[PDB]
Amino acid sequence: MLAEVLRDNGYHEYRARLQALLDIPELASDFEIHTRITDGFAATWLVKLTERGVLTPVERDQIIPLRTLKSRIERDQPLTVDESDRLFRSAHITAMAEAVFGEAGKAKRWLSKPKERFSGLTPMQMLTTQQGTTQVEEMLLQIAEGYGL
């Protein structure tokens, strides 16, 4: 979130993409971002992501199982803090990857393919842990330092 540079602009691109995916304003402060996650994202937000092609069906139930998701939709419930956190983590890496690569298609393919530095794991499977997300972020930063390698 504030681990961003890329000659000042790149962060604006990240916030702009982040503002498309989860409706998070670019001028929102960090704590306001954290309260939006703890407040809980709308359950319908996740369905729209797949319709627009941002999330696989399977990465989506990595965030929340489907039957519970439909129960939240029907019972008009927001996603819980843990489900909202996992959704933000996916959107955050997606917005970051879109910023470095510059295109949604190329960024998503990079996030979904296995990588030799993760011993066959894809960047998305590294997002299951705090350390793993850091490794994906640094790899993206190293890619940015070489202008989309």
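Start at 1 with the first residue shown and count on from there.
Annotation for 40 to 48 versus 118 to 126: the higher mean temperature factor (C-alpha) is found in 40 to 48. Comparing the deposited coordinates for 22 to 30 and 49 to 57, the stretch with the larger average C-alpha B-factor is 49 to 57. In the deposited entry, the Cα temperature factor of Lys106 places it in the middle third of its chain's modelled residues.
Ranked by C-alpha B-factor against the other modelled residues of its chain, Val81 falls in the lowest third. When all modelled residues of the chain are sorted by CA temperature factor, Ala97 is found within the lowest third. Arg89: CA B factor in the lowest third of modelled residues in this chain (values from the PDB entry).
Among the modelled residues of the chain, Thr134 sits in the lowest third by CA temperature factor in this PDB entry.
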